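Next up: a single chain in structure tokens, the form solved without the named molecule.
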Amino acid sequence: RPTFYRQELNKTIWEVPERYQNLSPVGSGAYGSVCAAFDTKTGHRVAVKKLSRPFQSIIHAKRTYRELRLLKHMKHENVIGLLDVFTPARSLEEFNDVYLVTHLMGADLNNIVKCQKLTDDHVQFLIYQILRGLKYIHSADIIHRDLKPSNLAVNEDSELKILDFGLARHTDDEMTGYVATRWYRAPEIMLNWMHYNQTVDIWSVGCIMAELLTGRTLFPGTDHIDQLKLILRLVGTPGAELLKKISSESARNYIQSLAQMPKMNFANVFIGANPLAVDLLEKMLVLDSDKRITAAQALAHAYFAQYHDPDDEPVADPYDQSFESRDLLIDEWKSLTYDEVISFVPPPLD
């Protein structure tokens, strides 16, 4: 067991192995606290995340287990994975803190869009990387569910990774009621219209891509009703085929209660944009989740011809999500998490 040292930063207590030096706060929130640090063992700059109250409730405990299981699984250039995971606890009994370690990423798209638009060539590269990462995630039957600029980390050389994936599993219970994530959420997950699949994430990508090309939020709704209004203004009110598949009577009632909207010509809306980009946007921003383009299909779109390589767009090992259906106690989840900490094999430095 390594030598730990203690430190207070922004009122948060950090206890980490000595190999991690020069801890510097990069952000905090509900998810937890992140510090940038220097890993003296490897020479690499890293981000260290301390989980907030990992075992405060069953939901917290289950969420903690979930995140650790997810991060241990992710082995892809466009998805954050685990360099290390540690606790300062010496046994299960005193285990109440979890720290996660990944390669440091300078920024996110939330602040790369700054408040200006990108070039078409830059967008191509960023969206390509998002899609390549989503292909991998989707292949393991993992759905992000809350993809947005702030959870896409980017380097100074414009290399991109998805973070906070697979954790949008709150379901009903709000408490955490977060906002401004509705802007990128697919209609069917926000309003629980119809059966939802992996292409909930493609909708988000469509919204992100739109925003990078124009410098504007595509659908800046102030609530669920406003949000849907803004969406239907662009894509048009559901046709015959799609109305039939709406499982909710309330939703279906509401849609049909609204003044009918035509689908707009995207060439008009996205005026001046690369017509390959517009075409891809058309395929991404379709209400019918059965007809929305998939990650793998999006990668093969001609918009990405400069980057697409079917021999280097890998899929994921099988991921066991059976734990998700289980109703266990705090101490069970917490013990399952501890097991996962102990069994963590550091990835080879090469």
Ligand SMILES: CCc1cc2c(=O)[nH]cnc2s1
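Position 1 is the first residue in the sequence shown; the rest follow in order.
The same protein also has a form solved in complex with the named molecule, omitted here; what follows describes it.
Transferring the named molecule from its position in the deposited complex by superimposing the C-alphas around the site places at least three ligand atoms within 2.4 angstroms of backbone or C-beta atoms here, which marks the site as blocked. In the deposited complex, the named molecule sits within 4.5 Å of a heavy atom of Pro187. Using a 4.5 Å cutoff between non-hydrogen atoms, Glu313 does not count as a contact of the named molecule in the deposited complex. When contacts are judged by a 4.5 Å heavy atom cut-off, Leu299 does not count as touching the named molecule in the deposited complex. In the deposited complex, at least one heavy atom of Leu287 sits within 4.5 Å of the named molecule. Contacts with the named molecule in the deposited complex, taken as any heavy atom within 4.5 Å, map within 224-248 to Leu242, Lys245, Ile246.
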